[PDB]
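Engineer: Sharing a structure below in structure tokens format, with a few things to ask.
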Amino acid sequence: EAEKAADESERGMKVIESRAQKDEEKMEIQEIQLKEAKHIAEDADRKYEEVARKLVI
Amino acid sequence: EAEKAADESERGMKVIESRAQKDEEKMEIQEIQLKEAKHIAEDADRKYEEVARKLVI
Amino acid sequence: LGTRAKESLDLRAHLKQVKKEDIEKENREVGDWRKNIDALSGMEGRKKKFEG
Amino acid sequence: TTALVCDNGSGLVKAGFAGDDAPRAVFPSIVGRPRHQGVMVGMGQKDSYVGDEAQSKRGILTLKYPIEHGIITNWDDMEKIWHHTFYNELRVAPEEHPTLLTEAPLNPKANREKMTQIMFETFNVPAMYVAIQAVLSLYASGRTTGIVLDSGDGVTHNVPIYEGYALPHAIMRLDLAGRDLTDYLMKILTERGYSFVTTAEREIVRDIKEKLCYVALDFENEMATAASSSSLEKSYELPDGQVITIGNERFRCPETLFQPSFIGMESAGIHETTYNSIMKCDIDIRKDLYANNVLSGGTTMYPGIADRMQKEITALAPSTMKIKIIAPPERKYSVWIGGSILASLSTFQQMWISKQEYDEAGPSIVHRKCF
Amino acid sequence: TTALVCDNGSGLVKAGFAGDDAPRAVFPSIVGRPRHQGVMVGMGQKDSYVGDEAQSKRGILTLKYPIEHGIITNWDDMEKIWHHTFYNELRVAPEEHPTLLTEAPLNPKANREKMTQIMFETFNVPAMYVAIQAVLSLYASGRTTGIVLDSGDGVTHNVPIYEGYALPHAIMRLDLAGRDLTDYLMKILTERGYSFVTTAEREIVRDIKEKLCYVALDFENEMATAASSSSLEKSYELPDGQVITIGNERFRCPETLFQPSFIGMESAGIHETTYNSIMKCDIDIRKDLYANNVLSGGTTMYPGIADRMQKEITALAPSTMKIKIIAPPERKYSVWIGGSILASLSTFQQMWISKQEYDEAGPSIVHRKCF
Ligand SMILES: Nc1ncnc2c1ncn2[C@@H]1O[C@H](COP(=O)(O)OP(=O)(O)O)[C@@H](O)[C@H]1O
Ligand SMILES: Nc1ncnc2c1ncn2[C@@H]1O[C@H](COP(=O)(O)OP(=O)(O)O)[C@@H](O)[C@H]1O
Ligand SMILES: [Mg+2]
Ligand SMILES: [Mg+2]
């Protein structure tokens, strides 16, 4: 019984290992995506200030 | 001996699950931030098109 | 964003504390008792009385 | 001093001192009087073997559980079980220890009042408190939200909780549980020739169910596969030899959980009463309940249930929500671990029903502020 | 020191130090007590979540706005909101900062007097001043004339001003505003099957209104188009899935502004109360008011309102006058920007109601010379 339980416990441990690795991958991908998002946001902000200036004039 | 082996496998499992859950939380945070970024993009575009119309008129 | 994240972090911190630190209250129950052997030493009786 | 976290349950009594990881003594809750005559004189034959002693002499006893469906139907036997639990399995006199019983939701009041009256008059404890069996299972997971499905052996109940605020109008209690699955397995085994009738052989059928049965991911495909190949037939050795071979009875016994029409019950399975319990909640906490579905109780230990239930709920739920099913490996003792955690809290130390309070208001104190 | 430019509003409290461009902290003004029982012990559950915290736990709260129509109906909750605003969103003790509240025109006196009494006794500010919400919105536009239509969330009022001399006999205050539009949208959504009833789901309907609704340039043509094609049906995802599709409810919700007969109100729309407010003015300043019509307030942010209103007024007004509608992109915070500008002026520095003055004349000082 103990040896079978050891096999299953290692099974579960390895499954959680793999899932955590996949999650880290998705985390870094979303991280680079978020940086790109921030840059797009700043660009839009600058464009907005510019067009406001033009309209006032 | 077998009991000790099972215990150690359990320790590994618990620590690794803590790791995986933290990564998942990180992923959810990145998801919401990406959502906000796309929201920014859309509102920027809308306002810019509006000001384009006003400029031309 | 940091405020919302820290809210959930602090909320789960106390739950983790209660779940985990309280385990240290006792963990020796895994330890089994003696379960000693006889080694052919407890053969010191005849078929005289059996009810008691 | 330390508190006694008892947990009556129905099928296994789990007890132990507050602050540990696992219950100290776990033993079936059966009291069996002998039924034959008895010819040896002076053998020291008792009149009732309780607990784990009656699972070894079960060949000449008539075991009878004192708790049918959460409720207690035979108070003398339950008192005997409690006396055994306190004095022989823990060996601590109750005069010097608070107790924390557990009770299923939506149970009759008289049961709870009689329980507190017994604990205060017969065993004479200093203070006792009764807690709902699902909140503890939520404690043990370390969460504070989530909808917990506690499929015990007596009764399956499904209590949703958000941010610590329980929703009393969304509790869905269903009386299908492990015992009905044992009876249904004992009833479908007769299709191969094996007849178990005696109340002692119900224990053998229970062992078969525990060791062999599993929940199928897809029912029709398994029914088709088991009817063509023979890769499923697992054999099992009775307590006297004559091995038996279980075919498609393996996944048909626990399938009753998701189709209670098998045992003639009208209601919907445990896969749809959870979704109904969620939909009764408010529209803004449904995402959190979807993401934090918790399993507990013994009967949720079938191999492959955490996937079947997730598949079913994902079929029912809207496609955008994420469905996650928390199935900790320590499922069986989840309620007791949560009970230990709750009894070990400092904030909880003033919620006990002190004896002087009971003396002033009678047994009806339990329904009052001290819940 | 610096002045605190608070702006109570009704629906969003906007605050920040004087001299900046945007309010520092903007958060809904709702105070919601929990309504369920609560079973987790030691979770740290408070008795009232205010501000933006109660927009995240709104699933188990009963949110209730403390300001109905400009006037304040629940003084304890308003005091709680102010305390939160000062201490947690700005973290500046009020003992060292002047305050500049804002108040709608034609409001009950007792409301204003109680406001000043609270600010001087409970929070103990050095000096506070109350200003009409439309003059500030005229400050922010950098004008000195013009008729400003400040359609907030509580009440829509229309104050004409010329050369700095306000015309007190031409203020037309109408009680239709964003909240009534939210209720009407929630009432017409039921024509497709979606029922929102709980006070928490009013927030969801408000989000639908903000993100989807728009004001039609011509009402009958839009009603005819939406009834034949399907180019208008925009979908939206609820907080739990189950997307909904809004058809001609999109431009029917904000149309109530120009036809208050939809919600049973007798009065004329915001397109005709402006013309009436102009016609009450003298005959020689009507051209300037026609040319400098100013929009402000949150509810005037609907896409396409600055054209519908101009078309309507051009229909009503004489053909020779030029009708121009000033709609700055920073409409929502226009009142607060104007408040910051006014508080930053040197000429205004001696108009504050100093505390010693209040001690000598009581709360009725606000109606006196220090207006
Ligand atoms: N490993 C297992 N596999 C399948 N079923 C089990 C297993 N262990 C226990 N059970 C079922 O669960 C029941 C015990 O449930 P339990 O959680 O002890 O009930 P209670 O809530 O009364 O304590 C047993 O009767 C048995 O039928
Ligand atoms: N972008 C938007 N589009 C349409 N309506 C909006 C928008 N933003 C806010 N509103 C409406 O305006 C209200 C906020 O008005 P606000 O100017 O904050 O009122 P107050 O004068 O009390 O501050 C909200 O209740 C909402 O109904
Ligand atoms: Mg149980
Ligand atoms: Mg306003």
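Residue numbers start at 1 in each chain; chains themselves are named A, B, ... in the order of the structure tokens; ligands are numbered from 1 in the order shown.
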Taking only C-alpha atoms and all ligand atoms into account, list the residues no farther than 7 Å from ligand 4, as a PyMOL selection string.
Structural biologist: chain E and resi 9+133+150+152+297+335
Engineer: Leaving out range 122-129 of chain D and any residue of its chain fewer than 2 positions from it, which residues lie within 9 Å of it when counting only C-alpha atoms, given as JSON, numbers by chain?
Structural biologist: {"D": [79, 82, 83, 93, 94, 95, 96, 97, 98, 99, 100, 101, 102, 116, 117, 118, 119, 120, 131, 351, 352, 353, 354, 355, 366, 370, 371]}
Engineer: What does the file look like for those residues with C-alpha atoms, as a PDB file, in the first residue's frame?
Structural biologist:
ATOM      1  CA  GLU D  79     -25.084   7.945  23.757  1.00  0.00           C
ATOM      2  CA  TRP D  82     -20.225   8.968  22.482  1.00  0.00           C
ATOM      3  CA  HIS D  83     -19.333   7.311  25.778  1.00  0.00           C
ATOM      4  CA  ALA D  93     -12.826  12.542  30.892  1.00  0.00           C
ATOM      5  CA  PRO D  94     -15.272  15.067  29.396  1.00  0.00           C
ATOM      6  CA  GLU D  95     -15.519  17.038  32.640  1.00  0.00           C
ATOM      7  CA  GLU D  96     -12.422  19.015  31.653  1.00  0.00           C
ATOM      8  CA  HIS D  97     -12.758  19.617  27.933  1.00  0.00           C
ATOM      9  CA  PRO D  98     -14.917  21.733  25.615  1.00  0.00           C
ATOM     10  CA  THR D  99     -16.515  19.895  22.710  1.00  0.00           C
ATOM     11  CA  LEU D 100     -17.297  20.993  19.147  1.00  0.00           C
ATOM     12  CA  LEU D 101     -19.886  18.759  17.502  1.00  0.00           C
ATOM     13  CA  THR D 102     -20.862  19.031  13.847  1.00  0.00           C
ATOM     14  CA  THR D 116     -26.757  19.569  23.559  1.00  0.00           C
ATOM     15  CA  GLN D 117     -28.897  18.307  26.434  1.00  0.00           C
ATOM     16  CA  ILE D 118     -27.043  14.993  26.436  1.00  0.00           C
ATOM     17  CA  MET D 119     -23.644  16.665  26.278  1.00  0.00           C
ATOM     18  CA  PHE D 120     -24.520  18.923  29.203  1.00  0.00           C
ATOM     19  CA  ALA D 131     -21.169  23.964  13.758  1.00  0.00           C
ATOM     20  CA  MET D 351     -18.547  31.720  21.232  1.00  0.00           C
ATOM     21  CA  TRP D 352     -18.834  28.508  23.264  1.00  0.00           C
ATOM     22  CA  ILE D 353     -22.141  27.800  24.987  1.00  0.00           C
ATOM     23  CA  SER D 354     -21.051  28.051  28.611  1.00  0.00           C
ATOM     24  CA  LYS D 355     -22.821  25.783  31.069  1.00  0.00           C
ATOM     25  CA  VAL D 366     -28.525  26.516  20.756  1.00  0.00           C
ATOM     26  CA  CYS D 370     -24.796  31.207  20.343  1.00  0.00           C
ATOM     27  CA  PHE D 371     -25.669  29.321  17.175  1.00  0.00           C
TER      28      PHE D 371
END
Engineer: Could you state the separation of CA of residue 33 in chain D and CA of residue 63 in chain D in Å, given to one decimal place?
Structural biologist: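 CA of residue 63 in chain D lies at a distance of 7.2 Å from CA of residue 33 in chain D.
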Engineer: Around ligand 2, which protein and nucleic acid residues have at least one atom no more than 6 Å from it, if we count only C-alpha atoms and all ligand atoms? List them as a ChimeraX atom specification.
Structural biologist: /E:9-12,152-154,178,206,210,297-299,301-302,332
Engineer: Those selected residues, please, written with N, CA, C and O atoms and delivered as a PDB file, in the first residue's frame.
Structural biologist:
ATOM      1  N   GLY E   9     -21.330  66.253  -5.419  1.00  0.00           N
ATOM      2  CA  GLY E   9     -21.980  65.608  -6.529  1.00  0.00           C
ATOM      3  C   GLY E   9     -23.031  64.632  -6.034  1.00  0.00           C
ATOM      4  O   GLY E   9     -23.398  64.593  -4.866  1.00  0.00           O
ATOM      5  N   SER E  10     -23.512  63.817  -6.969  1.00  0.00           N
ATOM      6  CA  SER E  10     -24.460  62.763  -6.621  1.00  0.00           C
ATOM      7  C   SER E  10     -24.211  61.600  -7.577  1.00  0.00           C
ATOM      8  O   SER E  10     -24.763  61.561  -8.673  1.00  0.00           O
ATOM      9  N   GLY E  11     -23.401  60.648  -7.141  1.00  0.00           N
ATOM     10  CA  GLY E  11     -23.052  59.544  -8.003  1.00  0.00           C
ATOM     11  C   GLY E  11     -21.562  59.322  -8.083  1.00  0.00           C
ATOM     12  O   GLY E  11     -21.107  58.179  -8.137  1.00  0.00           O
ATOM     13  N   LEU E  12     -20.788  60.400  -8.088  1.00  0.00           N
ATOM     14  CA  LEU E  12     -19.331  60.323  -8.053  1.00  0.00           C
ATOM     15  C   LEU E  12     -18.808  61.498  -7.250  1.00  0.00           C
ATOM     16  O   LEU E  12     -19.066  62.651  -7.606  1.00  0.00           O
ATOM     17  N   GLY E 152     -25.985  66.832 -14.445  1.00  0.00           N
ATOM     18  CA  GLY E 152     -25.275  65.876 -13.617  1.00  0.00           C
ATOM     19  C   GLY E 152     -25.958  64.524 -13.588  1.00  0.00           C
ATOM     20  O   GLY E 152     -26.628  64.109 -14.534  1.00  0.00           O
ATOM     21  N   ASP E 153     -25.771  63.825 -12.473  1.00  0.00           N
ATOM     22  CA  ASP E 153     -26.446  62.555 -12.254  1.00  0.00           C
ATOM     23  C   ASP E 153     -27.648  62.704 -11.337  1.00  0.00           C
ATOM     24  O   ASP E 153     -28.563  61.884 -11.381  1.00  0.00           O
ATOM     25  N   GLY E 154     -27.669  63.730 -10.512  1.00  0.00           N
ATOM     26  CA  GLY E 154     -28.814  63.950  -9.662  1.00  0.00           C
ATOM     27  C   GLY E 154     -29.836  64.876 -10.279  1.00  0.00           C
ATOM     28  O   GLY E 154     -31.014  64.525 -10.389  1.00  0.00           O
ATOM     29  N   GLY E 178     -29.091  61.599 -14.761  1.00  0.00           N
ATOM     30  CA  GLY E 178     -28.580  60.281 -15.105  1.00  0.00           C
ATOM     31  C   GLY E 178     -29.256  59.150 -14.361  1.00  0.00           C
ATOM     32  O   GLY E 178     -29.423  58.063 -14.912  1.00  0.00           O
ATOM     33  N   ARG E 206     -26.162  50.652 -15.161  1.00  0.00           N
ATOM     34  CA  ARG E 206     -25.452  51.902 -15.385  1.00  0.00           C
ATOM     35  C   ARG E 206     -24.272  51.701 -16.317  1.00  0.00           C
ATOM     36  O   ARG E 206     -24.006  52.537 -17.186  1.00  0.00           O
ATOM     37  N   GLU E 210     -23.617  53.541 -19.908  1.00  0.00           N
ATOM     38  CA  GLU E 210     -22.418  54.301 -20.228  1.00  0.00           C
ATOM     39  C   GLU E 210     -21.749  53.779 -21.489  1.00  0.00           C
ATOM     40  O   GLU E 210     -21.324  54.565 -22.341  1.00  0.00           O
ATOM     41  N   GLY E 297     -21.172  68.552 -16.931  1.00  0.00           N
ATOM     42  CA  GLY E 297     -21.756  67.435 -16.222  1.00  0.00           C
ATOM     43  C   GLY E 297     -21.565  66.110 -16.939  1.00  0.00           C
ATOM     44  O   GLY E 297     -21.304  66.042 -18.137  1.00  0.00           O
ATOM     45  N   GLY E 298     -21.702  65.033 -16.169  1.00  0.00           N
ATOM     46  CA  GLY E 298     -21.445  63.717 -16.720  1.00  0.00           C
ATOM     47  C   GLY E 298     -22.419  63.328 -17.812  1.00  0.00           C
ATOM     48  O   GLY E 298     -22.010  62.871 -18.880  1.00  0.00           O
ATOM     49  N   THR E 299     -23.714  63.530 -17.582  1.00  0.00           N
ATOM     50  CA  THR E 299     -24.719  62.973 -18.471  1.00  0.00           C
ATOM     51  C   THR E 299     -24.673  63.566 -19.865  1.00  0.00           C
ATOM     52  O   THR E 299     -25.303  63.026 -20.778  1.00  0.00           O
ATOM     53  N   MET E 301     -22.269  63.423 -21.807  1.00  0.00           N
ATOM     54  CA  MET E 301     -21.191  62.732 -22.489  1.00  0.00           C
ATOM     55  C   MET E 301     -21.692  61.719 -23.504  1.00  0.00           C
ATOM     56  O   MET E 301     -20.887  60.963 -24.056  1.00  0.00           O
ATOM     57  N   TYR E 302     -22.987  61.672 -23.754  1.00  0.00           N
ATOM     58  CA  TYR E 302     -23.514  60.714 -24.712  1.00  0.00           C
ATOM     59  C   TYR E 302     -22.977  61.029 -26.103  1.00  0.00           C
ATOM     60  O   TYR E 302     -22.939  62.195 -26.504  1.00  0.00           O
ATOM     61  N   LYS E 332     -16.677  65.815 -17.904  1.00  0.00           N
ATOM     62  CA  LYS E 332     -17.075  65.220 -16.634  1.00  0.00           C
ATOM     63  C   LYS E 332     -16.506  65.991 -15.459  1.00  0.00           C
ATOM     64  O   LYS E 332     -17.211  66.264 -14.483  1.00  0.00           O
TER      65      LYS E 332
END
Engineer: Please provide as a ChimeraX atom specification all residues within 10 Å of range 39-47 of chain A, with the sequence filter that same-chain residues fewer than 2 positions apart are discarded (counting only C-alpha atoms).
Structural biologist: /A:34-37,49-53 /B:37-41,43-45,48
Engineer: Take the residues from that selection and write them out as a PDB file, in the first residue's frame, keeping N, CA and C atoms.
Structural biologist:
ATOM      1  N   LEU A  34       1.694  43.028 -21.700  1.00  0.00           N
ATOM      2  CA  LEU A  34       1.337  44.184 -20.888  1.00  0.00           C
ATOM      3  C   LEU A  34       2.276  45.355 -21.152  1.00  0.00           C
ATOM      4  N   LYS A  35       3.571  45.082 -21.300  1.00  0.00           N
ATOM      5  CA  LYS A  35       4.493  46.166 -21.630  1.00  0.00           C
ATOM      6  C   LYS A  35       4.128  46.804 -22.968  1.00  0.00           C
ATOM      7  N   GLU A  36       3.843  45.969 -23.969  1.00  0.00           N
ATOM      8  CA  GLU A  36       3.415  46.504 -25.257  1.00  0.00           C
ATOM      9  C   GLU A  36       2.168  47.360 -25.091  1.00  0.00           C
ATOM     10  N   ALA A  37       1.242  46.906 -24.251  1.00  0.00           N
ATOM     11  CA  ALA A  37       0.023  47.659 -24.000  1.00  0.00           C
ATOM     12  C   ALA A  37       0.329  49.033 -23.426  1.00  0.00           C
ATOM     13  N   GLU A  49      -2.998  64.666 -26.856  1.00  0.00           N
ATOM     14  CA  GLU A  49      -2.557  66.018 -26.537  1.00  0.00           C
ATOM     15  C   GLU A  49      -2.343  66.822 -27.813  1.00  0.00           C
ATOM     16  N   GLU A  50      -1.706  66.202 -28.805  1.00  0.00           N
ATOM     17  CA  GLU A  50      -1.394  66.916 -30.037  1.00  0.00           C
ATOM     18  C   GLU A  50      -2.666  67.408 -30.720  1.00  0.00           C
ATOM     19  N   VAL A  51      -3.627  66.508 -30.903  1.00  0.00           N
ATOM     20  CA  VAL A  51      -4.826  66.879 -31.641  1.00  0.00           C
ATOM     21  C   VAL A  51      -5.613  67.933 -30.878  1.00  0.00           C
ATOM     22  N   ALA A  52      -5.625  67.847 -29.545  1.00  0.00           N
ATOM     23  CA  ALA A  52      -6.290  68.876 -28.759  1.00  0.00           C
ATOM     24  C   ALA A  52      -5.675  70.241 -29.031  1.00  0.00           C
ATOM     25  N   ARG A  53      -4.345  70.297 -29.050  1.00  0.00           N
ATOM     26  CA  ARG A  53      -3.680  71.558 -29.351  1.00  0.00           C
ATOM     27  C   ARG A  53      -4.156  72.103 -30.687  1.00  0.00           C
TER      28      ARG A  53
ATOM     29  N   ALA B  37      -5.849  47.644 -21.060  1.00  0.00           N
ATOM     30  CA  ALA B  37      -5.097  48.240 -22.158  1.00  0.00           C
ATOM     31  C   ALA B  37      -5.931  48.308 -23.433  1.00  0.00           C
ATOM     32  N   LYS B  38      -6.618  47.216 -23.770  1.00  0.00           N
ATOM     33  CA  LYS B  38      -7.462  47.241 -24.963  1.00  0.00           C
ATOM     34  C   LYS B  38      -8.566  48.280 -24.820  1.00  0.00           C
ATOM     35  N   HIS B  39      -9.117  48.395 -23.611  1.00  0.00           N
ATOM     36  CA  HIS B  39     -10.096  49.438 -23.332  1.00  0.00           C
ATOM     37  C   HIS B  39      -9.525  50.824 -23.632  1.00  0.00           C
ATOM     38  N   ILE B  40      -8.295  51.075 -23.176  1.00  0.00           N
ATOM     39  CA  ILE B  40      -7.626  52.339 -23.470  1.00  0.00           C
ATOM     40  C   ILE B  40      -7.549  52.552 -24.970  1.00  0.00           C
ATOM     41  N   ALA B  41      -7.128  51.517 -25.691  1.00  0.00           N
ATOM     42  CA  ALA B  41      -6.978  51.647 -27.135  1.00  0.00           C
ATOM     43  C   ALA B  41      -8.288  52.085 -27.775  1.00  0.00           C
ATOM     44  N   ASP B  43     -11.005  53.585 -26.493  1.00  0.00           N
ATOM     45  CA  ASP B  43     -11.452  54.938 -26.174  1.00  0.00           C
ATOM     46  C   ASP B  43     -10.586  55.978 -26.875  1.00  0.00           C
ATOM     47  N   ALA B  44      -9.273  55.741 -26.921  1.00  0.00           N
ATOM     48  CA  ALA B  44      -8.399  56.650 -27.644  1.00  0.00           C
ATOM     49  C   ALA B  44      -8.831  56.781 -29.094  1.00  0.00           C
ATOM     50  N   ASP B  45      -9.057  55.654 -29.767  1.00  0.00           N
ATOM     51  CA  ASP B  45      -9.454  55.722 -31.169  1.00  0.00           C
ATOM     52  C   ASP B  45     -10.734  56.517 -31.333  1.00  0.00           C
ATOM     53  N   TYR B  48     -10.220  60.201 -30.923  1.00  0.00           N
ATOM     54  CA  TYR B  48      -9.417  60.741 -32.010  1.00  0.00           C
ATOM     55  C   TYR B  48     -10.244  60.923 -33.265  1.00  0.00           C
TER      56      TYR B  48
END
Engineer: When distances are computed from only C-alpha atoms and all ligand atoms, which of D:265, D:342, D:204, D:213 shows the smallest separation from ligand 1?
Structural biologist: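 Under the stated criterion, the closest residue is D:213.
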Engineer: Least-squares superposition of chain A on chain B, every Cα paired in order: what RMSD, in Å?
Structural biologist: 1.6 Å
Engineer: Record the distance separating CA of residue 205 in chain D and CA of residue 185 in chain D, expressed in Å with one decimal.
Structural biologist: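 Value for the CA of residue 205 in chain D-CA of residue 185 in chain D distance: 7.3 Å.
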Engineer: Write out as a ChimeraX atom specification the residues lying within 12 Å of residue 58 in chain D, counting only C-alpha atoms and excluding same-chain residues fewer than 5 positions away.
Structural biologist: /D:30-35,48-53,63-64,198-204,239
Engineer: Emit the selected residues as a tab-separated table (two decimals), in the first residue's frame, including N, CA, C and O atoms.
Structural biologist:
chain	number	residue	atom	x	y	z
D	30	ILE	N	-21.13	1.89	14.64
D	30	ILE	CA	-22.11	0.81	14.62
D	30	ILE	C	-22.14	0.17	15.99
D	30	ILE	O	-21.11	0.02	16.64
D	31	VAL	N	-23.34	-0.21	16.43
D	31	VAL	CA	-23.53	-0.88	17.71
D	31	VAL	C	-24.26	-2.18	17.44
D	31	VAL	O	-25.43	-2.16	17.03
D	32	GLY	N	-23.60	-3.30	17.69
D	32	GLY	CA	-24.21	-4.57	17.33
D	32	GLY	C	-24.40	-5.54	18.47
D	32	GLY	O	-23.43	-6.06	19.02
D	33	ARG	N	-25.65	-5.81	18.83
D	33	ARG	CA	-25.92	-6.83	19.83
D	33	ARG	C	-25.72	-8.21	19.22
D	33	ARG	O	-25.97	-8.42	18.04
D	34	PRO	N	-25.27	-9.18	20.01
D	34	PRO	CA	-25.18	-10.55	19.50
D	34	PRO	C	-26.56	-11.10	19.25
D	34	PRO	O	-27.54	-10.69	19.88
D	35	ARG	N	-26.66	-12.03	18.30
D	35	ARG	CA	-27.97	-12.54	17.92
D	35	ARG	C	-28.15	-14.03	18.18
D	35	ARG	O	-29.29	-14.49	18.26
D	48	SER	N	-23.13	-5.59	24.01
D	48	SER	CA	-23.12	-4.72	22.84
D	48	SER	C	-21.69	-4.32	22.55
D	48	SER	O	-21.04	-3.70	23.39
D	49	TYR	N	-21.22	-4.64	21.36
D	49	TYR	CA	-19.89	-4.25	20.91
D	49	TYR	C	-20.04	-3.04	19.99
D	49	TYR	O	-20.76	-3.11	18.99
D	50	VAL	N	-19.36	-1.95	20.32
D	50	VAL	CA	-19.50	-0.72	19.57
D	50	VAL	C	-18.19	-0.39	18.90
D	50	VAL	O	-17.13	-0.92	19.25
D	51	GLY	N	-18.26	0.50	17.92
D	51	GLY	CA	-17.05	0.96	17.30
D	51	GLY	C	-16.34	-0.12	16.52
D	51	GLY	O	-16.95	-1.00	15.92
D	52	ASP	N	-15.01	-0.04	16.52
D	52	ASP	CA	-14.20	-0.92	15.70
D	52	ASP	C	-14.15	-2.34	16.23
D	52	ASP	O	-13.66	-3.23	15.53
D	53	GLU	N	-14.63	-2.58	17.45
D	53	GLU	CA	-14.66	-3.93	17.97
D	53	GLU	C	-15.72	-4.77	17.27
D	53	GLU	O	-15.54	-5.97	17.08
D	63	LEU	N	-25.20	-5.55	13.23
D	63	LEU	CA	-24.79	-4.16	13.27
D	63	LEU	C	-25.93	-3.26	12.84
D	63	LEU	O	-26.64	-3.57	11.87
D	64	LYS	N	-26.12	-2.16	13.54
D	64	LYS	CA	-27.13	-1.18	13.15
D	64	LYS	C	-26.65	0.22	13.46
D	64	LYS	O	-26.37	0.56	14.61
D	198	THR	N	-27.29	-10.23	4.59
D	198	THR	CA	-27.12	-9.96	6.00
D	198	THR	C	-26.55	-8.56	6.21
D	198	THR	O	-25.81	-8.04	5.38
D	199	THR	N	-26.92	-7.95	7.33
D	199	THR	CA	-26.38	-6.64	7.67
D	199	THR	C	-24.87	-6.67	7.87
D	199	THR	O	-24.25	-5.61	7.85
D	200	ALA	N	-24.29	-7.84	8.09
D	200	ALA	CA	-22.84	-7.94	8.16
D	200	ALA	C	-22.22	-7.89	6.77
D	200	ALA	O	-21.13	-7.34	6.60
D	201	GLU	N	-22.89	-8.46	5.77
D	201	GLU	CA	-22.36	-8.47	4.42
D	201	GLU	C	-22.47	-7.12	3.74
D	201	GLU	O	-21.81	-6.90	2.71
D	202	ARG	N	-23.27	-6.20	4.28
D	202	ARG	CA	-23.25	-4.84	3.79
D	202	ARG	C	-21.86	-4.23	3.94
D	202	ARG	O	-21.43	-3.44	3.11
D	203	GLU	N	-21.14	-4.61	4.99
D	203	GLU	CA	-19.77	-4.13	5.14
D	203	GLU	C	-18.87	-4.66	4.03
D	203	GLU	O	-18.01	-3.93	3.53
D	204	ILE	N	-19.06	-5.91	3.63
D	204	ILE	CA	-18.27	-6.45	2.53
D	204	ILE	C	-18.58	-5.71	1.24
D	204	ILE	O	-17.68	-5.39	0.46
D	239	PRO	N	-14.00	-12.45	2.10
D	239	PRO	CA	-13.34	-12.83	3.35
D	239	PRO	C	-13.17	-14.32	3.56
D	239	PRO	O	-12.70	-14.73	4.63
Engineer: Any chance you could list, as a list in words, the residues in range 176-366 of chain E that come up strand (DSSP E or B) when DSSP is run on the backbone?
Structural biologist: residues 234, 235, 236, 237, 238, 241, 242, 243, 244, 245, 246, 293, 294, 295, 296, 325, 326, 353 and 354 of chain E
Engineer: What are the residues of chain E lining chain D at 10 Å or less? Count only C-alpha atoms, and put the answer as a list in words.
Structural biologist: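 The contacting residues on chain E are residues 34, 35, 36, 37, 38, 39, 40, 41, 42, 43, 44, 45, 56, 57, 58, 59, 60, 196, 198, 200, 201, 204, 237, 238, 239, 240, 241, 242 and 243 of chain E.
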Engineer: Excluding range 18-29 of chain B and residues on its chain fewer than 5 positions from it, collect all residues at most 9 Å away from it, counting only C-alpha atoms, and give them as a PyMOL selection string.
Structural biologist: (chain A and resi 16-17+19-21+23-24+26-28+30-31) or (chain B and resi 13+34) or (chain C and resi 1+5)
